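**Q** need coordinates for the below:
(5 chains)
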Amino acid sequence: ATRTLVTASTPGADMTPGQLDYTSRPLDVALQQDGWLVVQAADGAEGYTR
Amino acid sequence: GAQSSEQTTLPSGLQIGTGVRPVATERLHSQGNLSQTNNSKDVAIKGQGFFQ
Amino acid sequence: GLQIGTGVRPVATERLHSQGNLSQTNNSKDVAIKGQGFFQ
Amino acid sequence: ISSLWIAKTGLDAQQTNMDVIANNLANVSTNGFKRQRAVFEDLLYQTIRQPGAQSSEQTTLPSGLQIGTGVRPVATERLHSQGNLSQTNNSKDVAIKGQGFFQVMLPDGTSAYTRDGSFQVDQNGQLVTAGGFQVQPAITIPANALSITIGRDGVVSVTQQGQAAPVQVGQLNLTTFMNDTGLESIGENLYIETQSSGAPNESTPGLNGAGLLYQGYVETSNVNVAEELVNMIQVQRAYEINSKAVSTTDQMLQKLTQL
Amino acid sequence: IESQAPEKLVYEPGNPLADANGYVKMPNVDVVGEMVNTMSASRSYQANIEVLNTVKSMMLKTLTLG
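**A** Numbers count the residues shown, from 1 in each chain, chains lettered A, B, ... in the order given. See below for the structure:
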């Protein structure tokens, strides 16, 4: 068994929080290290975002 | 697939992005400063409102 | 572990409600309050 | 390639160091800030050939190959030094001389410790910090208070219209840790305890190695711009050197694959 | 057979394959060695093909002795 094909693959993601800037807008929010805002997706099932 | 956590591995899914699009352009309706022109027919609005 | 910063922002603005100096005006209707309190 | 996989770590380390320097410069005018310094550490080394001894009196070089692996940031230690004192003349400001932090109760029940002395009275009279977080001993202040004074050992007393004598309204103790460096820092200038530091101990100011309290002053940040600039310059130069290394290895790899 | 040379390992605690120290192991392949192996294998392949061709021609020519 010599031939060994290679296929690309992507793990889930990287959860390092990004840099945040202060725009002083009254209702702009930034989460904690592992925070997630819940929204209602188009299909109806809830989803998480930042 | 289904790893079942039998051994420490990583998922093998493959998803390809498509790009970025401009979704919106929003104006920050804050309160600006007041400049004094000493004119007799200039009006500055304090708060929220618009002339017609 | 280690922690990385992100910046600084204003949080509040406080007024110093101390006692101000008085200056004479000779006007019988000017009233300066001494101590605590506000006119309604 | 090992060259790329090492220079990537080098550039990441320089980027994190630059971020730390930028944060230190950014929060310079804030009250009660202790500067940070990030320390790096080299990874393990792999030996490909053992250093075979000769001992033949030939004065030969040791023939042993040992490739490096890279560098990682191991910790970012903060310097808990006593900063300068700036006067705000506000009667409800406390500056700590020595070591120790006030205890502040977070909304979720837990307690966080802070050194920033800037207190405002809430609607109910409890002494709270700017941001709504209140002090755990819960000092109360009555209405129609002529003047508020805070002692040198954390005794807070107020004077009424009469009685010709001040009446005490509470006590302001503070907590100390065995290793204040090992504290995890969250926003609103809050420090919380981890396993690195010991269990906090509470004491009145002036006892058990707890600093005194001065009224009307706040503690400025202990940031040294004269050294921050030098660190920035060195960071930039190291970043450029690593970029040159990446360019060189890319050029030689391209020459390899040309044929 | 797989080589017994030590394998390169990099510091990436994020990947689940990392061990207790965060060192994830990657293959150790000498790209120059592989390129030279490819070239030498191709040259030997061509040489053997040519040798076979010459021997076949000689056999076919000696098949009609006389």
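
**Q** count the neighbours of residue E:9 for me.
**A** Per other Cβ atoms under 10 Å in any protein chain shown, the neighbour tally for residue E:9 reads 19. Using the backbone N, CA and C atoms, a C-beta is placed for each residue, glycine as well.

**Q** quick one: it and residue D:206, what's the gap?
**A** Distance, residue E:9 to residue D:206, using Cβ to Cβ, to the nearest Å: 54 Å.

**Q** now do residue A:37
**A** If you go by Cβ to Cβ, the gap between residue A:37 and residue D:206 works out to 47 Å.

**Q** do residue A:32 as well
**A** 37 Å.

**Q** and the two? Which one has more around it.
**A** Ranked by neighbour count (other Cβ under 10 Å), residue A:32 and residue D:206 place residue D:206 first, with 16 against 9.

**Q** surely the more buried one touches residue D:152?
**A** Yes. Here residue D:206 lies in contact with residue D:152, judged by Cβ atoms under 8 Å, at a distance of 6.9 Å.

**Q** who touches both of the two?
**A** residue D:212 (Cβ atoms under 8 Å, 6 or more residues apart in numbering or on different chains).

**Q** now do the strands in chain B.
**A** Per DSSP state E, chain B carries no strands over any range.

**Q** centroid residue for it?
**A** Nearest to the mean C-alpha position of chain B, counting by Cα atoms, centre = their mean, stands residue B:26 at 6.5 Å.

**Q** residue E:10 and residue D:184: what is the separation?
**A** Separation of residue E:10 from residue D:184 (Cβ to Cβ): 28 Å.

**Q** whichever strand or helix holds residue E:52 and chain A in contact?
**A** Here residue E:52, judged by DSSP states H and E, is contained in helix E:31-62. No. Shown here: helix E:31-62 not in contact with chain A (Cβ under 8 Å from any Cβ of the partner chain), separated by at least 12.7 Å.

**Q** now for that helix, which elements pack on it?
**A** The contact analysis (3 or more Cβ pairs under 8 Å, 6 or more residues apart in numbering or on different chains; DSSP states H and E) places helix E:31-62 against helix D:225-258.

**Q** and the helix it packs on, how far out from the chain's middle?
**A** Mean-position distance between helix D:225-258 and its chain equals 29 Å (Cα atoms, centre = their mean, to the nearest Å).

**Q** cool, and stretch E:45-59?
**A** 23 Å.

**Q** for stretch A:8-15, same thing?
**A** Mean-position distance between stretch A:8-15 and its chain equals 11 Å (Cα atoms, centre = their mean).

**Q** can you name the residue of chain B nearest chain C?
**A** Here the residue of chain B nearest chain C is residue B:30; by Cβ to the nearest Cβ that distance is 15.0 Å.

**Q** need phi/psi at that residue.
**A** phi -80, psi -180 (degrees, to the nearest 10).

**Q** what about it, distance to residue B:48?
**A** Taken as Cβ to Cβ, the span from residue B:30 to residue B:48 is 11 Å.
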